[PDB]
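Trainee: So here's work.cif, just mmCIF, C-alpha atoms and all ligand atoms:
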```
data_target
#
loop_
_atom_site.label_atom_id
_atom_site.label_comp_id
_atom_site.auth_asym_id
_atom_site.auth_seq_id
_atom_site.Cartn_x
_atom_site.Cartn_y
_atom_site.Cartn_z
CA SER A 1 -24.08 -12.42 -6.35
CA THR A 2 -22.15 -9.81 -4.40
CA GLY A 3 -21.97 -8.42 -0.89
CA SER A 4 -20.75 -5.18 0.62
CA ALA A 5 -20.31 -4.43 4.32
CA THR A 6 -18.77 -1.58 6.27
CA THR A 7 -15.92 -2.39 8.65
CA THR A 8 -15.23 -0.11 11.62
CA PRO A 9 -12.19 0.30 13.92
CA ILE A 10 -12.89 -0.99 17.42
CA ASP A 11 -10.99 1.85 19.10
CA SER A 12 -9.01 5.05 18.54
CA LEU A 13 -5.87 3.10 17.58
CA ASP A 14 -7.34 0.89 14.83
CA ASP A 15 -6.40 -2.13 16.96
CA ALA A 16 -8.87 -4.22 14.93
CA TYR A 17 -11.90 -3.77 12.69
CA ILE A 18 -15.38 -5.21 13.14
CA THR A 19 -17.95 -5.93 10.46
CA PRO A 20 -21.62 -6.81 11.14
CA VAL A 21 -22.58 -10.34 10.13
CA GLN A 22 -26.07 -11.84 10.15
CA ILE A 23 -26.31 -15.39 11.49
CA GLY A 24 -29.41 -17.56 11.69
CA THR A 25 -33.14 -17.08 11.28
CA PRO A 26 -34.36 -14.60 12.44
CA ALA A 27 -31.04 -12.84 11.95
CA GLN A 28 -28.67 -12.51 14.89
CA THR A 29 -26.21 -9.73 14.08
CA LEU A 30 -22.73 -10.16 15.51
CA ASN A 31 -19.74 -7.89 14.93
CA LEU A 32 -16.91 -10.08 13.69
CA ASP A 33 -13.23 -9.45 13.07
CA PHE A 34 -12.58 -10.40 9.44
CA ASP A 35 -9.22 -12.16 9.50
CA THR A 36 -7.46 -12.98 6.22
CA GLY A 37 -4.84 -14.73 8.38
CA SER A 38 -7.09 -17.54 9.65
CA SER A 39 -9.88 -19.74 8.36
CA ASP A 40 -12.39 -20.28 11.19
CA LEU A 41 -15.67 -18.41 11.59
CA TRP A 42 -16.21 -18.56 15.34
CA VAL A 43 -18.54 -16.65 17.64
CA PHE A 44 -19.27 -15.95 21.25
CA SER A 45 -22.38 -17.97 21.92
CA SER A 46 -24.89 -19.21 24.45
CA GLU A 47 -22.37 -22.03 25.03
CA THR A 48 -19.42 -19.80 25.96
CA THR A 49 -18.33 -20.18 29.59
CA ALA A 50 -20.18 -17.38 31.34
CA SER A 51 -17.14 -16.04 33.22
CA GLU A 52 -15.40 -15.57 29.85
CA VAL A 53 -18.13 -13.35 28.35
CA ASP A 54 -17.91 -9.61 29.14
CA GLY A 55 -20.23 -7.52 26.98
CA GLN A 56 -20.06 -9.42 23.69
CA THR A 57 -23.18 -10.15 21.69
CA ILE A 58 -23.72 -13.91 21.62
CA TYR A 59 -25.08 -16.28 19.00
CA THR A 60 -27.83 -18.52 20.38
CA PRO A 61 -28.33 -21.44 17.97
CA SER A 62 -31.43 -22.64 19.86
CA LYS A 63 -33.17 -19.44 18.71
CA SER A 64 -32.35 -19.97 15.01
CA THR A 65 -34.75 -22.05 12.94
CA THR A 66 -31.97 -22.78 10.42
CA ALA A 67 -29.27 -23.83 12.91
CA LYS A 68 -28.18 -27.47 12.94
CA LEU A 69 -25.57 -29.05 15.17
CA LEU A 70 -22.64 -30.33 13.09
CA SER A 71 -22.64 -33.50 15.15
CA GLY A 72 -19.27 -34.49 16.58
CA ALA A 73 -17.36 -31.57 15.11
CA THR A 74 -15.05 -29.60 17.39
CA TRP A 75 -12.59 -26.79 16.80
CA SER A 76 -9.61 -25.33 18.60
CA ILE A 77 -7.43 -22.46 17.41
CA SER A 78 -4.55 -20.34 18.62
CA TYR A 79 -3.50 -17.00 17.18
CA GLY A 80 -0.09 -15.43 16.70
CA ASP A 81 -0.43 -13.33 19.86
CA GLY A 82 -1.04 -16.43 21.98
CA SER A 83 -4.81 -16.00 22.23
CA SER A 84 -7.08 -18.99 21.68
CA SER A 85 -10.62 -20.31 21.57
CA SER A 86 -12.38 -23.65 21.11
CA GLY A 87 -15.81 -25.23 21.00
CA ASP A 88 -18.31 -27.11 18.86
CA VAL A 89 -19.93 -26.38 15.51
CA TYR A 90 -23.32 -25.52 14.04
CA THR A 91 -24.27 -24.94 10.46
CA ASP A 92 -26.49 -21.94 9.82
CA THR A 93 -27.29 -19.24 7.30
CA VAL A 94 -24.68 -16.48 7.34
CA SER A 95 -25.01 -13.18 5.48
CA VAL A 96 -22.41 -10.47 5.00
CA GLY A 97 -23.53 -7.24 3.41
CA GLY A 98 -26.37 -8.91 1.54
CA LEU A 99 -24.41 -11.99 0.42
CA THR A 100 -25.85 -15.18 1.90
CA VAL A 101 -24.29 -18.61 2.44
CA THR A 102 -26.56 -21.38 3.63
CA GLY A 103 -25.00 -24.20 5.60
CA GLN A 104 -21.97 -22.20 6.72
CA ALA A 105 -20.01 -23.71 9.59
CA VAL A 106 -20.48 -21.38 12.57
CA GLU A 107 -18.02 -22.42 15.27
CA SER A 108 -19.55 -21.84 18.70
CA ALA A 109 -17.04 -20.97 21.41
CA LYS A 110 -17.17 -22.93 24.63
CA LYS A 111 -13.93 -21.32 25.83
CA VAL A 112 -12.08 -18.13 24.89
CA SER A 113 -8.83 -16.74 26.21
CA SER A 114 -8.54 -13.50 28.16
CA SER A 115 -7.79 -11.21 25.21
CA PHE A 116 -11.11 -12.16 23.62
CA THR A 117 -13.04 -11.71 26.88
CA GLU A 118 -11.44 -8.27 27.29
CA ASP A 119 -12.40 -7.13 23.76
CA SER A 120 -16.08 -6.41 24.41
CA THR A 121 -16.47 -5.09 20.84
CA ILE A 122 -15.38 -8.31 19.06
CA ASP A 123 -18.13 -10.95 18.96
CA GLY A 124 -15.98 -13.45 17.05
CA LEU A 125 -13.79 -13.89 13.99
CA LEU A 126 -14.58 -14.55 10.33
CA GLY A 127 -11.58 -16.24 8.74
CA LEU A 128 -10.74 -15.43 5.12
CA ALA A 129 -7.48 -17.34 4.63
CA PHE A 130 -7.57 -20.61 2.70
CA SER A 131 -9.84 -23.36 3.99
CA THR A 132 -6.87 -25.71 4.40
CA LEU A 133 -6.18 -23.84 7.67
CA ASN A 134 -9.65 -24.44 9.12
CA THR A 135 -9.42 -26.23 12.47
CA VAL A 136 -12.73 -28.12 12.53
CA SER A 137 -12.26 -31.83 13.23
CA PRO A 138 -12.89 -34.48 12.07
CA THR A 139 -14.43 -32.85 8.96
CA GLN A 140 -12.59 -29.69 7.96
CA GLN A 141 -14.91 -26.83 7.03
CA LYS A 142 -14.82 -24.14 4.36
CA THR A 143 -14.58 -20.41 4.97
CA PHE A 144 -17.44 -18.06 4.20
CA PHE A 145 -15.56 -16.88 1.10
CA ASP A 146 -14.86 -20.43 -0.10
CA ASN A 147 -18.54 -21.34 0.32
CA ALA A 148 -19.68 -18.15 -1.44
CA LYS A 149 -17.12 -18.32 -4.24
CA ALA A 150 -19.07 -20.22 -6.89
CA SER A 151 -22.09 -17.92 -6.50
CA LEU A 152 -20.06 -14.70 -6.67
CA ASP A 153 -19.94 -12.65 -9.86
CA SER A 154 -16.13 -12.83 -9.59
CA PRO A 155 -14.23 -15.09 -7.14
CA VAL A 156 -12.77 -12.16 -5.19
CA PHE A 157 -13.15 -10.12 -2.07
CA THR A 158 -11.61 -6.73 -1.36
CA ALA A 159 -10.42 -5.03 1.83
CA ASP A 160 -10.54 -1.22 1.97
CA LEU A 161 -9.61 -0.47 5.58
CA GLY A 162 -9.77 3.06 6.92
CA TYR A 163 -7.27 5.01 8.98
CA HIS A 164 -9.18 5.97 12.14
CA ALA A 165 -12.28 5.69 9.96
CA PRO A 166 -14.64 3.04 8.61
CA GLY A 167 -13.92 1.11 5.45
CA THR A 168 -15.43 -1.63 3.33
CA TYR A 169 -15.26 -5.35 2.62
CA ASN A 170 -16.74 -6.25 -0.76
CA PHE A 171 -17.39 -9.75 -2.05
CA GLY A 172 -17.68 -10.69 -5.71
CA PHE A 173 -16.79 -7.40 -7.39
CA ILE A 174 -14.11 -4.74 -7.59
CA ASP A 175 -15.34 -1.20 -6.84
CA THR A 176 -13.44 0.83 -9.43
CA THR A 177 -14.34 4.06 -7.61
CA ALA A 178 -12.56 2.98 -4.42
CA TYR A 179 -8.95 3.41 -5.55
CA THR A 180 -6.69 5.63 -7.63
CA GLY A 181 -4.50 4.52 -10.49
CA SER A 182 -4.24 0.83 -11.32
CA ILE A 183 -4.35 -2.31 -9.20
CA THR A 184 -1.04 -4.19 -9.33
CA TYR A 185 -1.54 -7.94 -9.00
CA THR A 186 1.10 -10.23 -7.56
CA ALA A 187 1.33 -14.00 -7.26
CA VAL A 188 0.10 -15.82 -4.16
CA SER A 189 1.45 -19.00 -2.62
CA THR A 190 -1.16 -21.07 -0.79
CA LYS A 191 1.42 -23.56 0.50
CA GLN A 192 1.02 -22.37 4.11
CA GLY A 193 -2.71 -21.60 3.79
CA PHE A 194 -2.19 -17.82 3.83
CA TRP A 195 -2.45 -15.01 1.32
CA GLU A 196 1.33 -15.21 0.99
CA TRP A 197 3.15 -13.01 -1.51
CA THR A 198 6.55 -11.40 -2.12
CA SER A 199 7.00 -7.66 -1.80
CA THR A 200 9.69 -6.21 -4.06
CA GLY A 201 11.30 -3.90 -1.49
CA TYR A 202 10.89 -0.80 0.59
CA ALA A 203 11.75 2.84 1.16
CA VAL A 204 11.84 4.96 4.31
CA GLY A 205 10.45 8.47 4.03
CA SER A 206 11.87 10.24 0.99
CA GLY A 207 14.72 7.74 0.71
CA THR A 208 15.62 5.71 -2.32
CA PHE A 209 13.92 2.37 -2.84
CA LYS A 210 15.75 -0.78 -1.72
CA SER A 211 15.01 -3.65 -4.10
CA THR A 212 14.78 -6.81 -1.99
CA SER A 213 12.32 -9.70 -1.83
CA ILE A 214 10.18 -9.79 1.32
CA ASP A 215 7.92 -12.84 1.59
CA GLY A 216 4.93 -12.16 3.81
CA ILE A 217 1.20 -12.55 4.30
CA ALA A 218 -1.66 -10.10 3.78
CA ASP A 219 -3.39 -10.33 7.16
CA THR A 220 -6.36 -8.10 8.02
CA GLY A 221 -6.48 -9.71 11.47
CA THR A 222 -3.04 -8.42 12.49
CA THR A 223 -2.87 -4.82 13.69
CA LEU A 224 0.72 -3.93 12.79
CA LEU A 225 3.29 -4.34 10.02
CA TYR A 226 5.88 -7.01 10.93
CA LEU A 227 8.99 -7.02 8.73
CA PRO A 228 12.55 -8.36 8.97
CA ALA A 229 14.74 -6.86 11.68
CA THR A 230 17.04 -5.28 9.08
CA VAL A 231 14.16 -3.37 7.46
CA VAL A 232 12.61 -2.35 10.78
CA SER A 233 15.94 -1.09 12.12
CA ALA A 234 16.49 0.98 8.98
CA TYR A 235 13.08 2.59 9.50
CA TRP A 236 13.40 3.40 13.21
CA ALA A 237 16.97 4.66 12.78
CA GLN A 238 15.37 7.68 11.08
CA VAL A 239 13.38 8.63 14.21
CA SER A 240 15.36 10.44 16.91
CA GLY A 241 15.14 8.55 20.18
CA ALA A 242 13.40 5.48 18.80
CA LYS A 243 14.52 2.22 20.37
CA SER A 244 13.47 -1.38 20.82
CA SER A 245 12.22 -1.91 24.38
CA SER A 246 12.26 -5.41 25.84
CA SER A 247 9.94 -4.26 28.64
CA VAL A 248 7.40 -2.89 26.17
CA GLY A 249 7.88 -5.65 23.59
CA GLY A 250 8.96 -3.71 20.52
CA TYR A 251 9.99 -0.40 19.04
CA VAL A 252 8.88 2.75 20.83
CA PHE A 253 9.58 6.33 19.88
CA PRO A 254 9.19 9.76 21.49
CA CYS A 255 5.63 11.00 21.19
CA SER A 256 7.14 14.36 20.19
CA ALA A 257 8.34 12.84 16.90
CA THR A 258 6.89 13.19 13.43
CA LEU A 259 7.24 9.78 11.75
CA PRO A 260 8.50 9.21 8.21
CA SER A 261 6.38 7.34 5.73
CA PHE A 262 7.16 3.77 4.74
CA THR A 263 6.85 2.49 1.17
CA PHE A 264 6.52 -1.15 0.18
CA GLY A 265 6.86 -2.58 -3.31
CA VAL A 266 4.19 -4.57 -5.13
CA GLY A 267 5.82 -5.64 -8.37
CA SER A 268 6.93 -2.39 -9.99
CA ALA A 269 4.27 -0.44 -8.06
CA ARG A 270 4.58 1.23 -4.67
CA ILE A 271 2.25 1.61 -1.69
CA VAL A 272 3.09 4.52 0.63
CA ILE A 273 2.10 4.20 4.29
CA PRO A 274 1.89 7.72 5.78
CA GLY A 275 3.93 8.25 8.91
CA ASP A 276 0.78 8.92 10.93
CA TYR A 277 -0.40 5.35 10.24
CA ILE A 278 2.72 4.09 12.07
CA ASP A 279 1.90 6.02 15.29
CA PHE A 280 0.04 3.86 17.82
CA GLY A 281 0.17 6.49 20.53
CA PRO A 282 1.32 6.40 24.13
CA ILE A 283 2.25 2.97 25.49
CA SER A 284 0.04 3.79 28.50
CA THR A 285 -2.20 6.77 29.22
CA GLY A 286 -0.13 9.91 29.69
CA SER A 287 3.14 8.36 28.55
CA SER A 288 5.49 10.28 26.30
CA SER A 289 6.71 7.01 24.78
CA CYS A 290 4.66 5.98 21.77
CA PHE A 291 4.32 2.50 20.27
CA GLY A 292 5.50 1.92 16.71
CA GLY A 293 3.32 0.45 13.99
CA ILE A 294 6.25 -1.23 12.26
CA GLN A 295 7.78 -4.03 14.31
CA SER A 296 10.23 -6.86 13.78
CA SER A 297 8.97 -10.23 12.58
CA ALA A 298 11.98 -11.96 14.15
CA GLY A 299 10.65 -14.79 16.27
CA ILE A 300 7.25 -14.73 14.60
CA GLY A 301 8.73 -16.73 11.73
CA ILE A 302 6.75 -14.88 9.05
CA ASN A 303 6.47 -11.30 7.80
CA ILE A 304 2.97 -9.91 8.20
CA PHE A 305 1.44 -7.10 6.15
CA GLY A 306 -1.19 -6.30 8.77
CA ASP A 307 -3.60 -3.42 9.02
CA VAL A 308 -0.89 -0.72 9.16
CA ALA A 309 0.10 -1.69 5.62
CA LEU A 310 -3.25 -2.84 4.26
CA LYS A 311 -5.14 0.29 5.28
CA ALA A 312 -2.85 2.33 3.02
CA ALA A 313 -4.18 0.39 0.03
CA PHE A 314 -7.19 -1.01 -1.74
CA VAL A 315 -6.48 -4.74 -1.58
CA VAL A 316 -7.94 -7.45 -3.84
CA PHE A 317 -7.94 -11.04 -2.58
CA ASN A 318 -8.42 -12.94 -5.84
CA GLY A 319 -9.48 -16.51 -5.07
CA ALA A 320 -9.50 -17.73 -8.66
CA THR A 321 -7.91 -21.09 -9.48
CA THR A 322 -4.56 -19.29 -9.55
CA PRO A 323 -4.89 -16.90 -6.60
CA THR A 324 -3.39 -13.43 -6.65
CA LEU A 325 -3.32 -10.31 -4.52
CA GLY A 326 -3.92 -6.85 -5.95
CA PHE A 327 -2.82 -3.58 -4.37
CA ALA A 328 -3.85 -0.08 -5.43
CA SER A 329 -3.24 3.30 -3.87
CA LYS A 330 -6.29 5.20 -2.66
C1 LIG A 401 3.56 -16.37 16.37
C2 LIG A 401 3.56 -17.02 15.35
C3 LIG A 401 3.52 -17.86 14.05
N1 LIG A 401 2.28 -17.60 13.27
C4 LIG A 401 1.16 -18.42 13.84
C5 LIG A 401 1.95 -16.22 13.36
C6 LIG A 401 0.63 -15.91 12.65
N2 LIG A 401 -0.52 -15.55 13.23
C7 LIG A 401 -1.56 -15.30 12.44
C8 LIG A 401 -3.01 -14.86 13.09
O1 LIG A 401 -3.32 -15.76 14.21
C9 LIG A 401 -3.97 -14.84 12.17
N3 LIG A 401 -4.38 -13.27 11.91
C10 LIG A 401 -4.04 -12.62 13.00
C11 LIG A 401 -5.20 -12.38 13.99
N4 LIG A 401 -5.14 -12.12 15.29
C12 LIG A 401 -6.37 -11.98 15.74
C13 LIG A 401 -6.76 -11.68 17.04
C14 LIG A 401 -6.05 -12.16 18.14
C15 LIG A 401 -6.47 -11.83 19.43
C16 LIG A 401 -7.60 -11.01 19.62
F1 LIG A 401 -8.01 -10.69 20.89
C17 LIG A 401 -8.31 -10.53 18.52
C18 LIG A 401 -7.88 -10.87 17.22
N5 LIG A 401 -7.22 -12.12 14.73
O2 LIG A 401 -6.48 -12.37 13.63
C19 LIG A 401 -2.87 -13.42 13.65
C20 LIG A 401 -1.36 -15.43 11.08
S1 LIG A 401 0.32 -15.91 10.96
#
```
Translate this structure into structure tokens?
Ligand SMILES: C#CCN(C)Cc1nc([C@]2(O)CN[C@@H](c3nc(-c4ccc(F)cc4)no3)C2)cs1

Mentor:
Amino acid sequence: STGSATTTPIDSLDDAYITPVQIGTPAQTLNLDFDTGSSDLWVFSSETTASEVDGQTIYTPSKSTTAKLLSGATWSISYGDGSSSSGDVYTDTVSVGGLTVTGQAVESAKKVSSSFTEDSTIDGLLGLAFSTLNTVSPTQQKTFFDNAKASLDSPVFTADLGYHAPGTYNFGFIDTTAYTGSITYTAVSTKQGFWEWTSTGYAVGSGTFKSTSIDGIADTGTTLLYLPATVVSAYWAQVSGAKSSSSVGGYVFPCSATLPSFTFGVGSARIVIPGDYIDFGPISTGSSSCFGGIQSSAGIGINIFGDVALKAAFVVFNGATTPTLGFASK
């Protein structure tokens, strides 16, 4: 089997991407944030505290003939930005782009933190990291991809995120028309439960390439590119007036600037992030200070190849027995 679904930016900044997902019978379509950095599929639901729901579409398990309470199971998760959610668990039929998993754990939110309430366009998350990170207790649950894997034509999914434009998540096949050149595959460590890999270095603009190992994760659920302070400083040093602002919480730059590109290494291959992808616009409406799309990972504890990096590439998440990540230009 295979599946193919379009993913769409939630706003003009590409802050996140949402993908329609069918849950239950008859189908209830919710727009979920596919997150290769976590492993819970959770949804706003008829159980979510009413004061914490503001415009989201909710899953109502009592209206699904295929829903079953996963008796006694609870879940509770926090994300890198400090957001969080928790609740109980149903199993139900879940379909993404024509690919169906029966008996998928659908984690129903009883509580969500303010950032989720405020994002009226995000009806929940669909985790695509390794199932070892799933938070369901006392019986840990598998991700949608893990459940689908044995039925897929190939044990892979691909992320083809757009820049201020829709893109595609495919399951079970590699669309050879979606990229240019070759896909360079690189080894993955699952030791932390992430799609963790080692980039071979970087370049700023038209500069020479610096060969240096950068361990990090491929995370579709993170907006920005978080890299070591040394790398980030070398990038922003090329932008007149750019500075790290403690009040803003990261690097800002004059909105009058044209940003240089940023290249990252994948083995002997290179992915070039255009400068425009690094511009997240005014820090507040009307401001002439713009927020940078490359930020320091210092204090996160991990480098994160988030959407800023991933949307410059066609990315293969190969979940074979020895997992790998593939990157191609596009
Ligand atoms: C700090 C620290 C140490 N480590 C836990 C950092 C990491 N953190 C992650 C993720 O939690 C998993 N992916 C990303 C994600 N964030 C969201 C999200 C958050 C709030 C919203 F309102 C909407 C979406 N969705 O996915 C971050 C991986 S490593």

Trainee: Can you check which parts of chain A lie within 8 Å of ligand LIG 401 (chain A)? Per residue, the shortest pair of atoms and distance in Å to one decimal, counting only C-alpha atoms and all ligand atoms, sorted by chain and number, as CSV.

Mentor:
```
residue,atom,partner,partner_atom,distance
A:16,CA,A:LIG401,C18,7.1
A:33,CA,A:LIG401,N5,6.8
A:34,CA,A:LIG401,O2,7.7
A:35,CA,A:LIG401,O2,5.0
A:36,CA,A:LIG401,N3,6.5
A:37,CA,A:LIG401,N3,3.8
A:38,CA,A:LIG401,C9,4.8
A:78,CA,A:LIG401,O1,6.5
A:79,CA,A:LIG401,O1,3.2
A:80,CA,A:LIG401,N2,3.5
A:81,CA,A:LIG401,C14,6.0
A:82,CA,A:LIG401,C1,7.3
A:83,CA,A:LIG401,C15,5.3
A:84,CA,A:LIG401,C15,7.5
A:114,CA,A:LIG401,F1,7.8
A:115,CA,A:LIG401,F1,4.4
A:116,CA,A:LIG401,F1,4.4
A:117,CA,A:LIG401,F1,7.9
A:118,CA,A:LIG401,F1,7.7
A:119,CA,A:LIG401,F1,6.3
A:122,CA,A:LIG401,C17,7.4
A:125,CA,A:LIG401,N5,6.8
A:194,CA,A:LIG401,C20,7.7
A:217,CA,A:LIG401,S1,7.5
A:219,CA,A:LIG401,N3,5.7
A:220,CA,A:LIG401,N3,6.8
A:221,CA,A:LIG401,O2,3.4
A:222,CA,A:LIG401,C10,4.3
A:223,CA,A:LIG401,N4,7.8
A:299,CA,A:LIG401,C1,7.3
A:300,CA,A:LIG401,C2,4.4
A:301,CA,A:LIG401,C3,5.8
A:302,CA,A:LIG401,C5,6.6
A:304,CA,A:LIG401,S1,7.1
```

Trainee: Rank nothing, just name the residue among A:72, A:193, A:87, A:20 nearest to residue A:323, using only C-alpha atoms.

Mentor: A:193

Trainee: For residue A:6, find every residue with an atom within 12 Å (counting all atoms listed in the file), except residues of its own chain fewer than 5 positions away, and show them as JSON, numbers by chain.

Mentor: {"A": [17, 18, 19, 20, 21, 31, 32, 33, 34, 96, 97, 98, 158, 159, 160, 161, 162, 165, 166, 167, 168, 169, 170, 171]}

Trainee: Please determine, counting only C-alpha atoms, which residue among A:144, A:71, A:283, A:225 has the shortest atom-to-atom distance to residue A:249.

Mentor: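 Comparing A:144, A:71, A:283, A:225 against residue A:249, the winner is A:283.
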
Trainee: Go ahead and compute the interatomic distance for atom CA of residue A:75 and atom CA of residue A:40, in Å to one decimal.

Mentor: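 So the two atoms, atom CA of residue A:75 and atom CA of residue A:40, lie 8.6 Å apart.
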
Trainee: For atom CA of residue A:91 and atom CA of residue A:68, quote the distance in Å rounded to one decimal.

Mentor: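 One can read the atom CA of residue A:91 to atom CA of residue A:68 distance as 5.3 Å.
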
Trainee: Can you tell me how far atom CA of residue A:7 sits from atom CA of residue A:315, in Å to one decimal?

Mentor: 14.1 Å

Trainee: Neighbouring residues of residue A:190 were defined as those with any atom within 10 Å, considering only C-alpha atoms; residues of the same chain fewer than 2 positions away were excluded. Please report them as JSON, numbers by chain.

Mentor: {"A": [129, 130, 132, 187, 188, 192, 193, 194, 195, 196, 197, 322, 323, 324]}

Trainee: Hey, can you spit out that residue selection with C-alpha atoms as a compact mmCIF listing (two decimals), in the frame of the given file?

Mentor:
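Writing the result to selection-v8.txt gives the following:
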```txt
# COMPACT_ATOMS: atom_id res chain seq x y z
CA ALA A 129 -7.48 -17.34 4.63
CA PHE A 130 -7.57 -20.61 2.70
CA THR A 132 -6.87 -25.71 4.40
CA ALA A 187 1.33 -14.00 -7.26
CA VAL A 188 0.10 -15.82 -4.16
CA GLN A 192 1.02 -22.37 4.11
CA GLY A 193 -2.71 -21.60 3.79
CA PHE A 194 -2.19 -17.82 3.83
CA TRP A 195 -2.45 -15.01 1.32
CA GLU A 196 1.33 -15.21 0.99
CA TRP A 197 3.15 -13.01 -1.51
CA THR A 322 -4.56 -19.29 -9.55
CA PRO A 323 -4.89 -16.90 -6.60
CA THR A 324 -3.39 -13.43 -6.65
```

Trainee: Determine, counting all atoms listed in the file, which protein, DNA and RNA residues have an atom within 8 Å of an atom of residue A:152; residues of the same chain fewer than 4 positions away are not included. Present the result as number ranges by chain.

Mentor: A: 1-2, 148, 156, 171-172

Trainee: Taking only C-alpha atoms, show stretch 248-270 of chain A of the given structure as an mmCIF file, in the first residue's frame.

Mentor:
```cif
data_model
loop_
_atom_site.group_PDB
_atom_site.id
_atom_site.type_symbol
_atom_site.label_atom_id
_atom_site.label_comp_id
_atom_site.auth_asym_id
_atom_site.auth_seq_id
_atom_site.Cartn_x
_atom_site.Cartn_y
_atom_site.Cartn_z
ATOM 1 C CA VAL A 248 13.305 38.772 21.428
ATOM 2 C CA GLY A 249 14.858 35.381 22.180
ATOM 3 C CA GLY A 250 17.263 34.929 19.291
ATOM 4 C CA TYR A 251 18.928 36.436 16.267
ATOM 5 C CA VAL A 252 17.185 39.344 14.568
ATOM 6 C CA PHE A 253 18.324 41.276 11.535
ATOM 7 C CA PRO A 254 17.312 44.490 9.756
ATOM 8 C CA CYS A 255 14.316 43.908 7.524
ATOM 9 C CA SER A 256 16.188 45.944 4.892
ATOM 10 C CA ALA A 257 18.730 43.122 4.520
ATOM 11 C CA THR A 258 19.040 40.508 1.800
ATOM 12 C CA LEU A 259 20.040 37.255 3.513
ATOM 13 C CA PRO A 260 22.770 34.901 2.310
ATOM 14 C CA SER A 261 21.977 31.287 1.626
ATOM 15 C CA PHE A 262 23.051 28.534 3.995
ATOM 16 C CA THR A 263 24.374 25.174 2.807
ATOM 17 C CA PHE A 264 24.462 22.001 4.884
ATOM 18 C CA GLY A 265 26.327 18.817 4.064
ATOM 19 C CA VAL A 266 24.747 15.391 3.670
ATOM 20 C CA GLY A 267 27.654 13.034 3.127
ATOM 21 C CA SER A 268 29.452 14.436 0.095
ATOM 22 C CA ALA A 269 26.249 16.138 -1.103
ATOM 23 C CA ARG A 270 25.003 19.630 -0.313
#
```
